[PDB]
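The block underneath contains the structure these notes are about, expressed in structure tokens.
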Amino acid sequence: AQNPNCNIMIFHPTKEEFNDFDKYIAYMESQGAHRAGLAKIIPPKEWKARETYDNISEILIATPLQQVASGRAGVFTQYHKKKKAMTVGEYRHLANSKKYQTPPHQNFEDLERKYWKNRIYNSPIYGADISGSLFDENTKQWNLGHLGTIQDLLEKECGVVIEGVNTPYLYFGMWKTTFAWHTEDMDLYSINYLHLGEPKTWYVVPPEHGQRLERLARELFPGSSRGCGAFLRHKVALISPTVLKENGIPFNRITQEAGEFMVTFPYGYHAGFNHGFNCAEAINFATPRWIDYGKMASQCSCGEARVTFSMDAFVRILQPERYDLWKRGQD
Ligand SMILES: O=C(O)CNC(=O)C(=O)O
Ligand SMILES: [Mg+2]
Ligand code: NI
Ligand SMILES: [Zn+2]
């Protein structure tokens with residue numbers, strides 16, 4: 001069995017290997033990359049996402065979100081407070097302000113220490129889930145707006161034709177912006193490209209050990225667990241690496257820098273934080289190997305998780321027994 005310790009693997013495809021996206025994902029899996037839940041892909045030196053980032057300031061962040069924490073430094077939740085609209089140029093100036101800018105630090109490890117010590121005492125502002133793309137249309141390789149759609153994958157594998165679309169989303173971050181512990185909708189894959197700016201640190205639990213993280217989360221968040229049998233779908237709970245180590249939960253960590261892709265694999269729980277002002281693009285995708293994970297994915301039916309239109313069909317076709325309850329949670 002490849003990668004039996006479930007380490008995060010880093011790939012360096014050549015320009016030739018970068019042509020066929022599906023083939024390269026299958027290659028990484030042949031080497032055991034999915035066992036980690038996360039992989040890093042460094043694009044060939046000849047590749048670029050677009051020519052420059054000099055003209056992005058006028059993109060609108062319609063509903064910036066202030067991420068307010070509650071709890072203790074290593075075990076906390078966050079809620080998202082809506083703020084007034086602002087442009088990317090306005091948001092960048094805000095991220096760089098004395099109130100929000102990255103503090104002086106020695107290296108990524110020192111910054112990680114400062115994040116877990118101090119995150120809860122501040123409320124950073126995030127642009128999230130902004131439909132759009134920063135890939136140039138002429139970028140043919142690994143262009144996250146030109147991938148094969150999940151609806152087409154389901155049709156190819158299972159024969160069923162369904163409604164729905166699959167487009168990418170932009171994220172604008174600043175120091176201490178935080179992504180809570182979660183798997184993707186329907187335990188899909190994700191791909192994330194860091195277009196510009198400061199890094200993102202990721203934490204990940206191997207898919208084969210995801211239920212260990214779920215059991216710890218039920219212990220640490222006991223009222224939320226009573227409220228919903230899939231409350232991590234709410235995407236609000238944080239647990240630090242020190243707490244995970246104290247509780248014996250298997251995990252790994254890695255820092256993504258600008259110009260790098262990260263792939264999350266089905267049922268790989270992940271969480272993390274941004275180091276400073278940045279912009280990322282991400283989208284969900286599927287392969288044949290996902291189908292079995294989609295069929296088994298937990299679902300939130302309490303009303304909190306509310307998701308895209310296109311998840312309806314996935315539930316309806318892959319999880320018909322659950323469909324009526326889940327749809328009630330959507331309405
Ligand atoms: O950029 C982001 O905020 C978050 N990305 C992910 O959790 C992902 O690609 O799965
Ligand atoms: Mg612009
Ligand atoms: Ni994710
Ligand atoms: Zn719920």
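Letters A, B, ... mark the chains of the structure tokens in the order given; residue numbers begin at 1 per chain; ligand numbers begin at 1, in order shown.
DSSP on the backbone gives alpha helix (DSSP H) for these parts of stretch 100-204 of chain A: residues 108, 109, 110, 111, 112, 113, 114, 115, 116, 117, 118, 150, 151, 152, 153, 154, 155, 156, 157 and 158 of chain A.
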Legend entry - Who sits within 7 Å of residue A:68, only C-alpha atoms, same chain under 4 positions skipped, as number ranges by chain: A: 78-80, 123
What residues have any atom no more than 9 Å from ligand 3 when counting only C-alpha atoms and all ligand atoms, and can you list them as an mmCIF file with N, CA and C atoms, in the first residue's frame?
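Here's the written file result_28.cif:
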```
data_model
loop_
_atom_site.group_PDB
_atom_site.id
_atom_site.type_symbol
_atom_site.label_atom_id
_atom_site.label_comp_id
_atom_site.auth_asym_id
_atom_site.auth_seq_id
_atom_site.Cartn_x
_atom_site.Cartn_y
_atom_site.Cartn_z
ATOM 1 N N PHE A 179 -10.229 29.060 8.268
ATOM 2 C CA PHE A 179 -11.157 28.078 7.713
ATOM 3 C C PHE A 179 -11.310 26.927 8.703
ATOM 4 N N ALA A 180 -12.556 26.701 9.147
ATOM 5 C CA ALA A 180 -12.888 25.767 10.177
ATOM 6 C C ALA A 180 -12.756 24.329 9.689
ATOM 7 N N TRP A 181 -12.699 23.382 10.624
ATOM 8 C CA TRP A 181 -12.635 21.955 10.278
ATOM 9 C C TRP A 181 -13.817 21.482 9.468
ATOM 10 N N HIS A 182 -13.561 20.892 8.314
ATOM 11 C CA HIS A 182 -14.666 20.442 7.459
ATOM 12 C C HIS A 182 -14.127 19.491 6.442
ATOM 13 N N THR A 183 -15.052 18.676 5.878
ATOM 14 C CA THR A 183 -14.863 18.080 4.549
ATOM 15 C C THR A 183 -15.680 18.846 3.548
ATOM 16 N N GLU A 184 -15.474 18.617 2.256
ATOM 17 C CA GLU A 184 -16.215 19.276 1.262
ATOM 18 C C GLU A 184 -17.642 18.789 1.220
ATOM 19 N N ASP A 185 -18.496 19.649 0.576
ATOM 20 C CA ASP A 185 -19.889 19.222 0.314
ATOM 21 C C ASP A 185 -19.885 17.825 -0.356
ATOM 22 N N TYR A 189 -13.845 16.160 -3.836
ATOM 23 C CA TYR A 189 -12.477 16.763 -3.838
ATOM 24 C C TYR A 189 -12.617 18.256 -3.866
ATOM 25 N N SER A 190 -11.544 18.984 -3.513
ATOM 26 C CA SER A 190 -11.380 20.397 -3.843
ATOM 27 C C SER A 190 -10.024 20.632 -4.431
ATOM 28 N N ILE A 191 -9.886 21.673 -5.191
ATOM 29 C CA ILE A 191 -8.592 22.192 -5.631
ATOM 30 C C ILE A 191 -8.556 23.646 -5.316
ATOM 31 N N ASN A 192 -7.451 24.144 -4.825
ATOM 32 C CA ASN A 192 -7.264 25.505 -4.404
ATOM 33 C C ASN A 192 -5.986 26.033 -4.968
ATOM 34 N N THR A 264 -7.536 18.749 -1.974
ATOM 35 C CA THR A 264 -8.115 17.985 -0.895
ATOM 36 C C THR A 264 -8.896 16.812 -1.468
ATOM 37 N N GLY A 268 -11.372 14.073 3.466
ATOM 38 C CA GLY A 268 -10.202 14.612 4.169
ATOM 39 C C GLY A 268 -10.614 15.871 4.888
ATOM 40 N N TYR A 269 -10.743 15.764 6.180
ATOM 41 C CA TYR A 269 -11.050 16.956 7.022
ATOM 42 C C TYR A 269 -9.895 17.917 6.984
ATOM 43 N N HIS A 270 -10.136 19.193 6.835
ATOM 44 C CA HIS A 270 -9.086 20.194 6.816
ATOM 45 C C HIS A 270 -9.535 21.458 7.463
ATOM 46 N N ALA A 271 -8.549 22.280 7.864
ATOM 47 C CA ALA A 271 -8.740 23.565 8.515
ATOM 48 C C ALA A 271 -7.519 24.338 8.277
ATOM 49 N N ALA A 282 -10.837 28.456 -5.687
ATOM 50 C CA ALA A 282 -11.049 27.049 -5.386
ATOM 51 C C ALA A 282 -12.344 26.578 -6.042
ATOM 52 N N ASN A 284 -14.806 22.636 -6.266
ATOM 53 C CA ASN A 284 -14.960 21.211 -6.050
ATOM 54 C C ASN A 284 -14.924 20.453 -7.351
#
```
Inset, instruction - Around ligand 2, at most 7 Å away and counting only C-alpha atoms and all ligand atoms, which residues are there? Put them as a ChimeraX atom specification, please. - result: /A:55-59
File dump, residues just selected, N, CA and C atoms, as a PDB file, in the first residue's frame:
```pdb
ATOM      1  N   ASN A  55      -4.468  44.407 -12.098  1.00  0.00           N
ATOM      2  CA  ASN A  55      -5.743  44.971 -12.418  1.00  0.00           C
ATOM      3  C   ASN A  55      -7.013  44.343 -11.710  1.00  0.00           C
ATOM      4  N   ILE A  56      -6.750  43.855 -10.469  1.00  0.00           N
ATOM      5  CA  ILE A  56      -7.844  43.134  -9.726  1.00  0.00           C
ATOM      6  C   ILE A  56      -8.526  43.956  -8.669  1.00  0.00           C
ATOM      7  N   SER A  57      -8.120  45.241  -8.465  1.00  0.00           N
ATOM      8  CA  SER A  57      -8.614  46.000  -7.348  1.00  0.00           C
ATOM      9  C   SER A  57     -10.047  46.373  -7.356  1.00  0.00           C
ATOM     10  N   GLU A  58     -10.677  46.348  -8.553  1.00  0.00           N
ATOM     11  CA  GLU A  58     -12.027  46.694  -8.690  1.00  0.00           C
ATOM     12  C   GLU A  58     -13.059  45.550  -8.577  1.00  0.00           C
ATOM     13  N   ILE A  59     -12.566  44.317  -8.373  1.00  0.00           N
ATOM     14  CA  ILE A  59     -13.440  43.214  -8.001  1.00  0.00           C
ATOM     15  C   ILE A  59     -14.195  43.620  -6.711  1.00  0.00           C
TER      16      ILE A  59
END
```
Taking only residues of chain A that have an atom at most 9 Å from an atom of ligand 4, what is each one's shortest atom pair and its distance in Å to one decimal, using only C-alpha atoms and all ligand atoms, in chain and number order, as CSV?
```
residue,atom,partner,partner_atom_place_in_ligand_line,distance
A:224,CA,ligand 4,1 (Zn),8.5
A:225,CA,ligand 4,1 (Zn),8.8
A:227,CA,ligand 4,1 (Zn),7.0
A:228,CA,ligand 4,1 (Zn),4.5
A:229,CA,ligand 4,1 (Zn),6.9
A:230,CA,ligand 4,1 (Zn),5.7
A:231,CA,ligand 4,1 (Zn),4.8
A:232,CA,ligand 4,1 (Zn),7.8
A:233,CA,ligand 4,1 (Zn),6.6
A:234,CA,ligand 4,1 (Zn),6.2
A:299,CA,ligand 4,1 (Zn),7.7
A:300,CA,ligand 4,1 (Zn),4.1
A:301,CA,ligand 4,1 (Zn),5.5
A:302,CA,ligand 4,1 (Zn),4.2
A:303,CA,ligand 4,1 (Zn),5.7
A:304,CA,ligand 4,1 (Zn),4.8
A:305,CA,ligand 4,1 (Zn),5.7
A:306,CA,ligand 4,1 (Zn),8.8
A:329,CA,ligand 4,1 (Zn),8.2
```
Legend entry - Within 10 Å of residue A:118 using only C-alpha atoms, minus same-chain residues under 6 positions, as JSON, numbers by chain: {"A": [73, 74, 112, 176]}
Write a file of the selected residues as a PDB file, in the first residue's frame, keeping N, CA, C and O atoms.
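Final file, selection-v8.pdb:
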```pdb
ATOM      1  N   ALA A  73      -8.385  29.356  23.392  1.00  0.00           N
ATOM      2  CA  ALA A  73      -7.433  29.537  22.289  1.00  0.00           C
ATOM      3  C   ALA A  73      -7.312  28.347  21.439  1.00  0.00           C
ATOM      4  O   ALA A  73      -7.200  28.618  20.190  1.00  0.00           O
ATOM      5  N   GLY A  74      -7.331  27.174  21.943  1.00  0.00           N
ATOM      6  CA  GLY A  74      -7.207  25.938  21.147  1.00  0.00           C
ATOM      7  C   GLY A  74      -8.482  25.246  20.776  1.00  0.00           C
ATOM      8  O   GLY A  74      -8.408  24.240  20.070  1.00  0.00           O
ATOM      9  N   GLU A 112       2.710  30.528  13.151  1.00  0.00           N
ATOM     10  CA  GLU A 112       1.753  29.525  13.565  1.00  0.00           C
ATOM     11  C   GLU A 112       1.540  29.581  15.094  1.00  0.00           C
ATOM     12  O   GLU A 112       0.412  29.503  15.584  1.00  0.00           O
ATOM     13  N   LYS A 176      -4.861  35.946  10.093  1.00  0.00           N
ATOM     14  CA  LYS A 176      -5.807  35.281  11.035  1.00  0.00           C
ATOM     15  C   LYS A 176      -7.129  34.872  10.424  1.00  0.00           C
ATOM     16  O   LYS A 176      -7.882  34.175  11.109  1.00  0.00           O
TER      17      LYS A 176
END
```
Legend entry - Non-local contacts of residue A:35 (6 Å; only C-alpha atoms; under 2 positions in same chain excluded) as JSON, numbers by chain: {"A": [6, 32, 33, 37, 206]}
Deliver the residues from the most recent selection as a file, using N, CA and C atoms, as a JSON list (two decimals), in the first residue's frame.
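Written output follows (result21.json):
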```json
[["chain", "number", "residue", "atom", "x", "y", "z"],
["A", 6, "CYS", "N", 0.37, 8.10, 5.57],
["A", 6, "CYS", "CA", -0.60, 9.18, 5.23],
["A", 6, "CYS", "C", 0.09, 10.52, 5.26],
["A", 32, "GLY", "N", -0.35, 7.07, -3.62],
["A", 32, "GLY", "CA", -0.87, 7.14, -2.27],
["A", 32, "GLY", "C", -1.16, 8.51, -1.74],
["A", 33, "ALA", "N", -1.23, 9.48, -2.62],
["A", 33, "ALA", "CA", -1.38, 10.89, -2.11],
["A", 33, "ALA", "C", -2.67, 11.12, -1.36],
["A", 37, "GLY", "N", -5.19, 13.06, 2.68],
["A", 37, "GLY", "CA", -6.32, 13.98, 2.63],
["A", 37, "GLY", "C", -6.00, 15.24, 1.90],
["A", 206, "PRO", "N", -6.14, 12.35, 7.82],
["A", 206, "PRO", "CA", -6.31, 11.32, 6.76],
["A", 206, "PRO", "C", -7.75, 10.85, 6.65]]
```
Residue contacts of stretch 132-143 of chain A (9 Å, only C-alpha atoms) excluding same-chain residues fewer than 6 positions away, as a PDB file with N, CA and C atoms, in the first residue's frame:
```
ATOM      1  N   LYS A  15       5.687  20.169 -17.658  1.00  0.00           N
ATOM      2  CA  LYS A  15       4.708  20.754 -18.547  1.00  0.00           C
ATOM      3  C   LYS A  15       3.918  19.711 -19.308  1.00  0.00           C
ATOM      4  N   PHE A  18       1.321  18.170 -17.121  1.00  0.00           N
ATOM      5  CA  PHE A  18       0.321  19.177 -16.666  1.00  0.00           C
ATOM      6  C   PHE A  18      -0.794  19.309 -17.652  1.00  0.00           C
ATOM      7  N   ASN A  19      -0.753  18.580 -18.781  1.00  0.00           N
ATOM      8  CA  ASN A  19      -1.787  18.722 -19.765  1.00  0.00           C
ATOM      9  C   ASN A  19      -3.115  18.084 -19.392  1.00  0.00           C
ATOM     10  N   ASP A  20      -3.106  16.867 -18.871  1.00  0.00           N
ATOM     11  CA  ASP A  20      -4.235  16.065 -18.624  1.00  0.00           C
ATOM     12  C   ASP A  20      -4.511  16.022 -17.105  1.00  0.00           C
ATOM     13  N   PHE A  21      -5.459  16.866 -16.685  1.00  0.00           N
ATOM     14  CA  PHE A  21      -5.744  17.022 -15.234  1.00  0.00           C
ATOM     15  C   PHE A  21      -6.168  15.713 -14.628  1.00  0.00           C
ATOM     16  N   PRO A  43       3.317  23.912  -9.914  1.00  0.00           N
ATOM     17  CA  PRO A  43       3.206  23.875 -11.364  1.00  0.00           C
ATOM     18  C   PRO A  43       4.586  23.943 -12.006  1.00  0.00           C
ATOM     19  N   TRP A  47       4.647  27.431 -16.609  1.00  0.00           N
ATOM     20  CA  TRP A  47       3.182  27.735 -16.488  1.00  0.00           C
ATOM     21  C   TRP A  47       2.937  29.035 -15.733  1.00  0.00           C
ATOM     22  N   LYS A  48       1.828  29.678 -16.097  1.00  0.00           N
ATOM     23  CA  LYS A  48       1.324  30.808 -15.332  1.00  0.00           C
ATOM     24  C   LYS A  48      -0.199  30.836 -15.391  1.00  0.00           C
ATOM     25  N   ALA A  49      -0.820  31.317 -14.308  1.00  0.00           N
ATOM     26  CA  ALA A  49      -2.264  31.417 -14.256  1.00  0.00           C
ATOM     27  C   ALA A  49      -2.829  32.539 -15.087  1.00  0.00           C
ATOM     28  N   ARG A  50      -2.126  33.651 -15.084  1.00  0.00           N
ATOM     29  CA  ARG A  50      -2.477  34.842 -15.884  1.00  0.00           C
ATOM     30  C   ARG A  50      -1.203  35.717 -15.942  1.00  0.00           C
ATOM     31  N   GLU A  51      -1.269  36.781 -16.738  1.00  0.00           N
ATOM     32  CA  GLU A  51      -0.083  37.600 -16.969  1.00  0.00           C
ATOM     33  C   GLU A  51       0.295  38.426 -15.756  1.00  0.00           C
ATOM     34  N   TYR A  53      -1.337  40.441 -11.860  1.00  0.00           N
ATOM     35  CA  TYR A  53      -2.430  40.698 -10.898  1.00  0.00           C
ATOM     36  C   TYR A  53      -2.612  42.211 -10.654  1.00  0.00           C
ATOM     37  N   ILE A  56      -6.750  43.855 -10.469  1.00  0.00           N
ATOM     38  CA  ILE A  56      -7.844  43.134  -9.726  1.00  0.00           C
ATOM     39  C   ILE A  56      -8.526  43.956  -8.669  1.00  0.00           C
ATOM     40  N   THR A 167     -18.971  26.065 -10.683  1.00  0.00           N
ATOM     41  CA  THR A 167     -18.057  27.134 -11.087  1.00  0.00           C
ATOM     42  C   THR A 167     -17.122  27.450  -9.865  1.00  0.00           C
ATOM     43  N   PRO A 168     -16.004  28.163 -10.198  1.00  0.00           N
ATOM     44  CA  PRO A 168     -15.046  28.422  -9.142  1.00  0.00           C
ATOM     45  C   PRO A 168     -15.416  29.598  -8.261  1.00  0.00           C
ATOM     46  N   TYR A 169     -14.753  29.721  -7.135  1.00  0.00           N
ATOM     47  CA  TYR A 169     -14.948  30.792  -6.194  1.00  0.00           C
ATOM     48  C   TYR A 169     -13.638  31.399  -5.761  1.00  0.00           C
ATOM     49  N   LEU A 170     -13.682  32.691  -5.604  1.00  0.00           N
ATOM     50  CA  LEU A 170     -12.547  33.495  -5.104  1.00  0.00           C
ATOM     51  C   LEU A 170     -12.703  33.782  -3.641  1.00  0.00           C
ATOM     52  N   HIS A 195      -3.392  32.452  -5.759  1.00  0.00           N
ATOM     53  CA  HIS A 195      -3.015  33.360  -6.837  1.00  0.00           C
ATOM     54  C   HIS A 195      -1.962  34.353  -6.412  1.00  0.00           C
ATOM     55  N   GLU A 281      -8.327  30.864  -5.273  1.00  0.00           N
ATOM     56  CA  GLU A 281      -9.433  30.400  -6.109  1.00  0.00           C
ATOM     57  C   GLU A 281      -9.612  28.961  -5.829  1.00  0.00           C
ATOM     58  N   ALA A 282     -10.837  28.456  -5.687  1.00  0.00           N
ATOM     59  CA  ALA A 282     -11.049  27.049  -5.386  1.00  0.00           C
ATOM     60  C   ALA A 282     -12.344  26.578  -6.042  1.00  0.00           C
TER      61      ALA A 282
END
```
Legend entry - Which of stretch 193-233 of chain A fall in strand (DSSP E or B), as a PyMOL selection string: chain A and resi 193-197+200-205
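Remark: for residue A:125, the closest of the candidate residues A:215, A:113, A:82, A:253 is A:82 (distances computed over only C-alpha atoms).
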